[PDB]
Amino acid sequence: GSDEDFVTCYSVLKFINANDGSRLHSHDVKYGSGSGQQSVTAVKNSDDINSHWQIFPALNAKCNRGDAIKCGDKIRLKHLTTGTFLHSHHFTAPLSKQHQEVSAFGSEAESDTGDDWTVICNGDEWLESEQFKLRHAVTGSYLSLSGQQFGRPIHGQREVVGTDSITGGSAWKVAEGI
């Protein structure tokens, strides 16, 4: 585990849930409850283009491709196939009423503070070999699998939400898709 296998700005990768093994995912399927924006799920379906995300500097920051990301810093995550950003806000989750909704919103042009996520890793340089959490900057909610699964038209996909506290679905791990 070379101490220099850090995650870099503008790198493209997959986010795997540590305890479930599912990959953070998005698609052209919108919610029919909260904000009605594009949904975000976790899939138990390896290697899929819709599971790739690109790390962007925080909304009011800037970075250079190849730049290491320090723990504690905020980032934005762009869903490659739809050009949207991992987003959160004050809406209720689709299947878990007690939780906050997590969506894929806007684009580089429409991106706002709601797209910022604080990287929670130990030490001070996001390593590709460590587990981490992502805490929504504006609301403070942790990106987590609610433990619920969807039915058709996205059967078996796990619900992704924002939890006030850290749960057994809050730990994530990075992996190089391509």
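The first residue of the shown sequence is 1; numbering continues from there.
(request) Give the stretch, out of 41-49 and 147-155, with the larger mean C-alpha temperature factor in the deposited entry. (result) Per the deposited B-factors, the answer is 41-49.
(message) Test of understanding: from the entry's C-alpha B-factors, which stretch has the higher mean, 6-14 or 21-29?
(response) Mean B over CA atoms: larger for 6-14.
(request) Sort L95, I75, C71, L86 by C-alpha B-factor from the entry and give me just the highest. (result) That would be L95.
(message) I'd like to know which of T118, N122, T113, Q54 has the highest C-alpha temperature factor in the PDB entry.
(response) Of the candidates given, the C-alpha B-factor peaks at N122.
(message) Test of reading the entry: by CA B factor among the chain's modelled residues, which third contains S103?
(response) CA B-factor rank for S103: lowest third.
(message) For the chain shown, is the CA B-factor of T167 in the lowest, middle or highest third of its modelled residues?
(response) Answer is highest: the recorded C-alpha B-factor places it there.
(message) Per the entry's values, where does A137 land by CA temperature factor relative to the rest of its chain, in the lowest, middle or highest third?
(response) Middle third - that is where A137 ends up once the chain's C-alpha B-factors are sorted.
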